[PDB]
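Single chain ahead, by itself, as structure tokens, in the form deposited without its partner chain.
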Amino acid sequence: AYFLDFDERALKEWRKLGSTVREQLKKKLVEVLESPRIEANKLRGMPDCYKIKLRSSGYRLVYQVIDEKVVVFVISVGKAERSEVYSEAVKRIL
């Protein structure tokens, strides 16, 4: 299993999340820690990035897998609408 870390800005997003949505993402995030490279969820663009999707929120969590630190690094949590959550993730990695 992998350890967990958050970007400072991503952790704030996490705590601002509504209760029901956070719990939904939390269950999936905990599953992710057991084995975080889930090829179906791999994001295009820079390597080692994956998403967690909800069927109808439509909130998203973006994380980077960092093997050298055995860590899942949460970089962005927010809305898929207008690709907000994804553009922020790229911005925070650069």
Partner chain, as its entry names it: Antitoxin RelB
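Positions refer to the first chain, counted from 1.
We do not show the form solved in complex with its partner chain, though everything after this point is about it.
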Would you please decide whether residue 21 lies within 4.5 angstroms of its partner chain in the deposited bound form, comparing each non-hydrogen atom pair? no
Hey, in the deposited bound form, is residue 17 touching its partner chain, heavy atoms inside 4.5 Å? no
In the deposited bound form, is there a heavy atom of its partner chain that lies within 4.5 Å of any heavy atom of residue 35, even though the partner is absent here? yes
Any chance residue 55 has a heavy atom within 4.5 Å of its partner chain in the deposited bound form? no
Enumerate the residues of 52-68 that have a non-hydrogen atom within 4.5 Å of its partner chain in the deposited bound form, in sequence order, or give none. 60, 62, 64, 65, 66, 67, 68
